[PDB]
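Student: Supplied in structure tokens, the structure appears directly below.
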Amino acid sequence: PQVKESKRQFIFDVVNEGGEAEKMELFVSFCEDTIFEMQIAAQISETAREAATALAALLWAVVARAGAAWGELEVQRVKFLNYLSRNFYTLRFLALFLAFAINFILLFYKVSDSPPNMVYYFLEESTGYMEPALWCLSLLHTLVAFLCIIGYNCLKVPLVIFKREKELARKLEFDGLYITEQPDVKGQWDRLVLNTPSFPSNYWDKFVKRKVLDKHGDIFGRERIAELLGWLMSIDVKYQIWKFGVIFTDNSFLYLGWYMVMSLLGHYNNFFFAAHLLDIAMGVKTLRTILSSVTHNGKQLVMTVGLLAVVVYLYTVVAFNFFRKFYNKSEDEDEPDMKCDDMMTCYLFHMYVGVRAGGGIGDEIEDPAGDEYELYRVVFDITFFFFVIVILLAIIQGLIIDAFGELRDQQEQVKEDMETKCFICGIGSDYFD
Amino acid sequence: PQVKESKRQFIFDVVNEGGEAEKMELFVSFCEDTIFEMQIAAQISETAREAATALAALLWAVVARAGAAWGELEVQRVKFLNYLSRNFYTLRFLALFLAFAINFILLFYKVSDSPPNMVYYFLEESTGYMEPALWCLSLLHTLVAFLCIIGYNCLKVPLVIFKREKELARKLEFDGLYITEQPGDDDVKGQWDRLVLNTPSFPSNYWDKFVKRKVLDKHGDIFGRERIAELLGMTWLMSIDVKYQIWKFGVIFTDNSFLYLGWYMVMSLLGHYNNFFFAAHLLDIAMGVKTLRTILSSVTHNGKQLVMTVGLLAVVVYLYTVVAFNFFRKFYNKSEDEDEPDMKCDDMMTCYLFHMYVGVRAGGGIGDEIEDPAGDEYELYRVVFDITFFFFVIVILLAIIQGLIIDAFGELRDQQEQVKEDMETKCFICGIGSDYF
Amino acid sequence: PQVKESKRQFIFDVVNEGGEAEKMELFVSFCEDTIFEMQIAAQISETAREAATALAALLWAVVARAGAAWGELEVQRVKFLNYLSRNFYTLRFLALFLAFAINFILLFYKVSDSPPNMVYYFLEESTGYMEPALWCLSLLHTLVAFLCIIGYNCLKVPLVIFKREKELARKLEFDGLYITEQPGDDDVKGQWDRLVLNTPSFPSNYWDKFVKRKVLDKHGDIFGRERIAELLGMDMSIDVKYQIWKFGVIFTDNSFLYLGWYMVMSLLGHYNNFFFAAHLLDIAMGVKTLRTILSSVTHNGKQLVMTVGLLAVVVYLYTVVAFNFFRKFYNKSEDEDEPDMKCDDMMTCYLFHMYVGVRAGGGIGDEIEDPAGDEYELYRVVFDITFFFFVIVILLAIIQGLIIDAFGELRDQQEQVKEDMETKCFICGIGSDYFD
Amino acid sequence: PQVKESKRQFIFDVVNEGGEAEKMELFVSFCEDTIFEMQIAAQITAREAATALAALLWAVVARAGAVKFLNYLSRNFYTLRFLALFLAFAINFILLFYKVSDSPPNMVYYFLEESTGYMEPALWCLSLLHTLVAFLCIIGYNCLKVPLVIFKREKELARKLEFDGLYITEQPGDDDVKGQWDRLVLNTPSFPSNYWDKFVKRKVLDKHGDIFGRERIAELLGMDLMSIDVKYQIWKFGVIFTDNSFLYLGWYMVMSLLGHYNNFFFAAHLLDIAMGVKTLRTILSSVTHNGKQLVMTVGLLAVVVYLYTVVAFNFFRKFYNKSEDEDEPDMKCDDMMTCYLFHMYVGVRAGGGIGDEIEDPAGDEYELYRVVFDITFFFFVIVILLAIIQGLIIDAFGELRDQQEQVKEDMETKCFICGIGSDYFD
Amino acid sequence: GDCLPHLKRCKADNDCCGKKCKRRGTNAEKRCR
Ligand SMILES: Nc1ncnc2c1ncn2[C@@H]1O[C@H](COP(=O)(O)OP(=O)(O)OP(=O)(O)O)[C@@H](O)[C@H]1O
Ligand SMILES: Nc1ncnc2c1ncn2[C@@H]1O[C@H](COP(=O)(O)OP(=O)(O)OP(=O)(O)O)[C@@H](O)[C@H]1O
Ligand SMILES: Nc1ncnc2c1ncn2[C@@H]1O[C@H](COP(=O)(O)OP(=O)(O)OP(=O)(O)O)[C@@H](O)[C@H]1O
Ligand SMILES: Nc1ncnc2c1ncn2[C@@H]1O[C@H](COP(=O)(O)OP(=O)(O)OP(=O)(O)O)[C@@H](O)[C@H]1O
Ligand SMILES: Cn1c(=O)c2c(ncn2C)n(C)c1=O
Ligand SMILES: Cn1c(=O)c2c(ncn2C)n(C)c1=O
Ligand SMILES: Cn1c(=O)c2c(ncn2C)n(C)c1=O
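Taken in sequence, the protein lines are chains Z, G, R, S and Y.
If you count by full-length UniProt numbering, then the first sequence holds residues 4208 to 4253, 4323 to 4345, 4541 to 4587, 4626 to 4692, 4696 to 4742, 4767 to 4969, one letter each, in order.
If you count by full-length UniProt numbering, then the second sequence holds residues 4208 to 4253, 4323 to 4345, 4541 to 4587, 4626 to 4743, 4766 to 4968, one letter each, in order.
If you count by full-length UniProt numbering, then the third sequence holds residues 4208 to 4253, 4323 to 4345, 4541 to 4587, 4626 to 4744, 4769 to 4969, one letter each, in order.
If you count by full-length UniProt numbering, then the fourth sequence holds residues 4208 to 4251, 4323 to 4344, 4549 to 4587, 4626 to 4745, 4769 to 4969, one letter each, in order.
Once you know that position 29 of the fifth sequence is 29 in full-length UniProt numbering, the rest is easy, because the numbers rise by one and skip nothing.
Encoded structure:
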């Protein structure tokens, strides 16, 4: 279940970016997480139509085959919560199936002026079962999104809670970040928890307060440290708001909240459901790798795009000063279209049409053969093509492909390191056999 | 001839796989297969016309250079089989030549309404003996395909069935596969090998005929002797066992090479009806030579990742299609005439088709085909839409699919080079190379 | 700070090109240069508008976060100098900000015949706050560049002079480059440093003022002592030869030349306010990635030029064939009565082939009319196919690679230097294995 | 001064391809070829821009990759070739001012000069001097490098005859072209004209004179007892006309001679700059480095285009009407040959598939089928096959350039005549 | 010894830990990419 995924992920980072010096400490932290995961598991335990249809079926099959995995009232409610907790990866796969189904339904969308303003009508090939079905699967998608966010809150929130408890307690009783020093939004945010009556709700050390107080009881007085560390009756407001804030900080919780928000907004406009097809990227590893390859070299890519913009601005100013009479795109003589009569318009023309031309800006501009400045404009066009299309676009593309290939090679290297060497002992597999 | 190719294939397989512990077992297996090949070999032993012609001759020469290499009835029946099996590669060469000639003649077809609906007829400046040439060439191609299927039945089918019986006996004896467990799920070969045991002639070509006796003696105490005998089964028409025959046909049909040759033959027969199905026979040159086979296999080497990237491109275009359908719809007027305009994104299906078929193939983005936003609203939005679409498709996704196929081709060549170099610096028994001597 | 960046460049150079035999000598030289800068630092111590605005703000943010660079008169003059030299990098950053602001303002320019001949005037969105802003920004940038020139002259130029004197004296007393031998031609420095021997202020920056005596004692036996005395010139306070040598050595410096080019472009920006676009290129010199991209082209300059020459001769060989054999298909006009034959002279056909055919991307046959139902169809088809497969497939890819690979190799060299320093001690070749 | 280049070529060759087991033998052969190399030396507007790029290109080419009746002509042969290249560049530059017109000076080839009437006589004099310098170069080659190659051939023949005894016992004339050609020189009395050992016949007649009859070897090798060595003369002609460099120089001379018939024939001499510089030679040889694989890939592309052409011919015939006029149609796929020509010529170079030219299938039958047809055509041709063809040549050129760097690294890394690295040498 | 660093210059395929000595385009330099 989730413990295997956690183990594989831990190994992935601990070999990709984890040194041998702190590998044992990271392993100990992972075994500390694992025990809490087992406790949680024990707690929850007791024509275009035919071609499009074929293509969608093939795509869904290949995607699914590689990824996407009143006391009695209270007694019923806790069982309901446990039921949602037990099956979460199945609900996340059902939501993905529903999104694909409703997107295939939306693929038959038509717009016409006359009613069935510009109205939108649904085309049915003599099958009236489809229009109510769209609303039905929309309702089920909203319901399963709610179930998924409830399950994530139930089974994954305590993991991040207890990890943050590890981090802050280890910082406190080793370094004393709040007594011997001061911090880093996490430090300012977790700070309110220190004065709470019950800090270690999810951790073993329920008597850590005395340990921290006695550790630095000589540098600071007892009263100096006591103030820092401190249903309706048991409503720990500071602890609960801290838990809500760290829940909000979680990236996967933000993803689930965005999914729920998009599902709710899809009722207002049915075309908002198209954003739910981006979950296939997270389902399969290679699509996630492709998506992350863009941000792997984000700073250098931004610098390269800035250089491209700067050089296009240089060509724009060069053309604006000299080569502007040849920018008449309109064929009609009575009504001209002066694209370089304004600096902003000419810059937009160079950025939008010059880059995508593929053969330089000179393709759109008029031929200078029968006019002066012929050699100057020929040199301008050739140099523009060579400097932009040959150089900068190729550099950006090569950076993207290099980042992608580097990510694949990192994954492969992690796999070979796992299969060629023991995790605990530094000896290789040759010694074993 | 055959033994050298088999040896080269063995080395390629072992070095490419990288297995070291099983190297000795693979060597012994090749040794016994080699003895089987020698025994069976001993058994069978005794104007546009001129330019097009020049180009076809050069292509045929280069393909040839690389990638080409009633008592009285009893003796005749085996003599025919021996002579046919002796020159199987010659038959394949003849088939390739026949297909090349047929395609060269087919390169001179025409259509016309009037007779010599639409009718297909052949024309030639003089050369009235080229249509009968094709008529004869089709018959010779069909005959040579039949000869090829017979030669493959004689050459490799005994080797394949002998190897299958070999691993079956090895699994029965060394592992005790059948008497202690069942293949169960998957294991198509294991499930298909069930009918073999009841056949008395289990080692029809395998050397030892006492394999059943060894299995019964070894596993006759833990498991019942009667059960083992029942599992093991303990006028030529009556003596022939049906189940072994069905196993033989199943193994023969399952073989990839026999399937390819049967497809070749069936295309040869189908060619007589349309006279244009012989074009599929030109793919034989791809399998003939290592280079084109590697080029073809590079496409399927990363098939799963290629499908992932294609699906990502499709869903990415789908979002752009939705955005265009909801917002940028007046710019998709392809018709120049105002009286009769057409909208590519009036419907979602045609909008997606236009975005996928035209936008990806454009090379400059979807913005080239659609009307430019010069003097209309949403100009900045349309510019951003076109720029982002063109970037995300051409620079990233199309580059990455091409990237995967080209990288597969490169690695398939790098692995071949590494195998060739390793065979020059390794002894294949001891881990020493040119350093020692 | 300055010492940290200097050590980064020194270690990068040593790991990249510096040999292991002279690595210790390079370390000693760097320490010699580093100590001299310590006292130097000691003495100075005490709608389209909205989208364009958003894009400019984002670009400025990313480029800034990527690593962008008479008694009373005497006491006041030095105090201004140290104040200026303390924040030279901030002055470079301010100059970059000024250039970016002017260039963004320059985007709001419209040209029309009518006054507000062709008149270049400013058209704003009902905000007249930009018309004097451009002028104030122009003079502010000019003043900033002037102060930057002065600060670079006062701060880093003395280090260059000290280094130059260091190698000059070292060669003079350890190799006899001037009296035992002659540097000869092909070396401008060999003749240029000849003017400094007779100057009494030779060790102005170097701490060894007795180099002349030592080199006189060393070579006093092999060569006549009078020869050494005449060669080194051993016998209000204004000299000419030393000042000329100093001027030559600063003009030789690349950074001073670049700053003077910046200053002269700033002056040229007053003749026309639209000339300030050249100041926008300072971003490339700031961030390492764009500097490496620029150096990629120069890395394979000879190969690039020679490959372009090969492309030119190939296009010439194709143009002569087009001119002699098939030139009736070179009509680019659609009107029968008005021809536009692009192949009637060798020069014009060559220009059409190179300027249009190379950039076509699909061969010269794309623009040329298709020879469907005419003679020479096979010849023309082979001509177009071979032209494409050579020019746009092989040669053009080679020219593109000669820059893309060069950039990639530079990046790989930088990462290799980083890894080598991270996994190997500088002083001793002991790896991280034993040292752990 | 000149033997240095031969030394560089020899050492680069032995490091690049020469094995370690034959390194000593290759050194011996190089030294034997080199001793007499010293004895040979002891016996010895648009006009202005066009001018600007022409001068720049000439400067770059010059900078990188440039008894007495034959005495001064032998040492200056290398400079003579540079002089010929300069003349070729000059005549090529003047060839750029041609024009065609119907008026008198039937299309005519005349000159357009900006008041420079001394251009045609200059071109005539330059052509005459170019053919003269080509004649001088072809004259000097037979006295400069031909003795070296014929001496090498005599060396290899002597080694074969002595150590192996191929001619007397093996006798492989039919198997190879050289074996047949070398049979004539054996009977010649002037076999060791260039070889130092003038008594190579007195050794093999007792090395193999016992098992085999001496009377046969004596007659086979010309042993007997003005000066016209006919058989040696024809052997010399064969080896000199079989030489690659001699053939190239003869081709250059014949092209110069043909340039008098038409000045445009002089454009072929611009390829000499390719062989002059190493990297241009690398670019030229990268195509032939993977020639077999390149031709096989081109053939696979051709058969793929043929399959697409026949598929279109059976089904998509009415979509290939290029002519816009309805009265007069241009049917490009009414014949298989024409459709194949259109697919190979236009489809490959289109860059976006065959469908960018042919008609839109919207509003007609076979719409999705043709959509798939063109999608597959684009993906299989432009995305895959053209990319692979380009990548093969790119990789060949990259590895060919890498080979020289590796040769230099092994030159500066390990002791060539000792086989040990520089780590111990330090 | 036989194994080589990641981006350190190599000579031929394998003969390093990366085992893949590819070159970037026309670049002569080869490293265990
Ligand atoms: N201490 C270790 N314990 C277990 N496996 C280890 C250890 N150190 C390294 N490994 C490696 O981890 C891998 C464990 O198996 P692997 O993850 O490849 O999948 P598996 O055997 O199919 O089963 P599972 O995924 O269920 O563990 C092996 O490659 C093994 O060599
Ligand atoms: N134990 C070994 N067994 C076989 N070959 C070995 C062994 N160790 C090294 N080799 C080398 O591996 C190569 C295999 O030789 P093989 O007979 O298969 O070559 P081939 O491809 O048929 O070519 P050729 O006939 O030109 O030598 C040879 O270069 C041989 O020296
Ligand atoms: N002899 C050496 N002296 C100093 N540093 C060395 C030496 N040998 C290797 N190094 C490495 O050089 C680096 C020292 O530089 P420094 O302490 O300035 O930081 P850095 O690693 O370059 O990174 P940053 O400056 O971004 O923190 C360390 O990575 C260290 O391992
Ligand atoms: N046997 C050898 N003789 C000479 N150099 C050798 C030998 N073996 C290896 N080398 C290497 O060759 C290089 C010497 O260069 P070489 O002998 O070609 O000189 P050169 O290029 O003619 O002279 P110069 O460099 O002075 O212009 C050194 O890197 C040396 O290590
Ligand atoms: C229950 N429990 C643990 O599971 C634990 C621990 N320290 C480490 N672990 C893993 N402590 C103190 C603890 O009480
Ligand atoms: C004064 N001084 C220095 O300042 C100095 C030096 N060596 C290096 N430095 C920096 N020596 C020898 C010296 O005398
Ligand atoms: C006379 N002579 C040579 O001239 C000669 C030679 N080896 C090479 N040469 C050139 N030997 C061995 C020799 O005796």
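Here a beta-carbon is modelled for each residue, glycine too, at the ideal position from N, C-alpha and C.
Is the shortest distance between the beta-carbon of residue 4845/Z and the beta-carbons of chain G less than 7 Å?
Tutor: No - not a single Cβ of chain G is within 7 Å of the one on residue 4845/Z.
Student: Check distances from the C-beta atoms of the segment 4939 to 4952 of chain Z to those of chain R and list, in chain order, the residues that come in under 7 Å.
Tutor: Cβ contacts with chain R: none found.
Student: Can the beta-carbon of residue 4796/R be found closer than 7 Å to that of residue 4654/R?
Tutor: Cβ atoms of residue 4796/R and residue 4654/R: closer than 7 Å.
Student: What residue does the beta strand (DSSP E) around residue 4213/Z start on, and which one ends it?
Tutor: Taken as a continuous stretch (DSSP letters only), residue 4213/Z belongs to no beta strand (DSSP E), being part of the alpha helix (DSSP H) at 4209 to 4223.
Student: Could you compute how far the alpha carbon of residue 4638/S sits from the alpha carbon of residue 4645/S?
Tutor: Looking at the two C-alpha atoms, the distance is approximately 11 Å.
Student: So that I know if they touch, is there some Cβ in chain Y lying closer than 7 Å to that of residue 4896/R?
Tutor: Chain Y, which has no Cβ nearer than 7 Å to the Cβ of residue 4896/R, makes this no.
Student: From the DSSP secondary-structure annotation, give me the bridge partner or partners of residue 9/Y.
Tutor: In the DSSP output, where bridge partners are listed per residue, residue 9/Y has 31/Y.
Student: Could one say the Cβ of residue 7/Y lies closer than 7 Å to chain R's Cβ atoms, at least one of them?
Tutor: Answer yes: the Cβ-Cβ gap between residue 7/Y and chain R drops below 7 Å somewhere.
Student: When the Cα atoms are used, what is the spatial distance from residue 4661/R to residue 4651/R?
Tutor: Answer to the nearest angstrom: the Cα atoms are 15 Å apart.
Student: Which same chain residues, not among the five before or five after residue 4940/R, have their C-beta less than 7 Å away from its C-beta?
Tutor: Only 4825, 4826, 4829 meet the Cβ criterion.
Student: If you draw a straight line from the alpha carbon of residue 4965/R to that of residue 4954/R, how long is it in whole angstroms?
Tutor: Whole-angstrom Cα-Cα distance: 10 Å.
Student: My guess is that residue 4920/G and residue 4890/G are in contact by the Cβ rule of under 8 Å, so how many angstroms apart are they, rounded?
Tutor: That pair is a contact at about 7 Å.
Student: Run the CB neighbour count on residue 4784/Z, radius 10 Å, all protein chains shown included, and call it buried at 16 or more, exposed below.
Tutor: Looking at its Cβ environment, which holds fewer than 16 other Cβ atoms inside 10 Å, residue 4784/Z is exposed.
Student: Please return the same chain residues whose Cβ sits closer than 7 Å to the Cβ of residue 4922/Z, not counting the five positions on each side in sequence.
Tutor: Cβ within range, chain order: n/a, list empty.
Student: With respect to the alpha helix (DSSP H) encompassing residue 4490/S, which residues constitute its N-terminal and C-terminal limits?
Tutor: This model leaves out residue 4490/S; its place in chain S lies between 4344 and 4549, and no residues are given there.
Student: Would the C-beta of residue 4954/G count as close to ligand 2, meaning under 6 Å from any of its heavy atoms?
Tutor: Residue 4954/G Cβ: within cutoff of ligand 2.
Student: Determine, using beta-carbon pairs with one atom in the segment 2 to 11 of chain Y and one in the segment 4928 to 4936 of chain G, whether at least three such pairs fall under 8 Å.
Tutor: Too few Cβ pairs lie closer than 8 Å, so no.
Student: Would you call residue 4869/Z buried or exposed, if buried means 16 or more other Cβ atoms sit within 10 Å of its Cβ?
Tutor: When all chains shown are included, residue 4869/Z counts as exposed.
Student: Any heavy atom of ligand 7 closer than 6 Å to the CB of residue 4242/S?
Tutor: Yes, the Cβ of residue 4242/S comes within 6 Å of a heavy atom of ligand 7.
Student: Using the beta-carbon count (16 or more within 10 Å), is residue 4673/R buried or exposed?
Tutor: The residue in question, residue 4673/R, is buried, as its Cβ has 16 or more Cβ neighbours within 10 Å.
Student: Measuring only from the beta carbon, is residue 4960/Z closer than 6 Å to any heavy atom that is part of ligand 4?
Tutor: No.
Student: List, in chain order, every chain G residue whose beta-carbon is nearer than 8 Å to that of residue 2/Y.
Tutor: Those within 8 Å of residue 2/Y in chain G number zero; the least Cβ separation is about 11 Å.
Student: Report the residue from 4781/Z, 4718/Z, 4720/Z whose alpha carbon sits nearest the alpha carbon of residue 4698/Z.
Tutor: Of 4781/Z, 4718/Z, 4720/Z, the residue nearest in Cα terms is 4781/Z.
Student: May I ask which residues mark the beginning and end of the beta strand (DSSP E) holding residue 4631/S?
Tutor: Unbroken beta strand (DSSP E) run through residue 4631/S: 4628 to 4631.
Student: Look at residue 4887/R and residue 4324/S and say whether their C-beta atoms are less than 7 Å apart.
Tutor: Not closer than 7 Å, so no.
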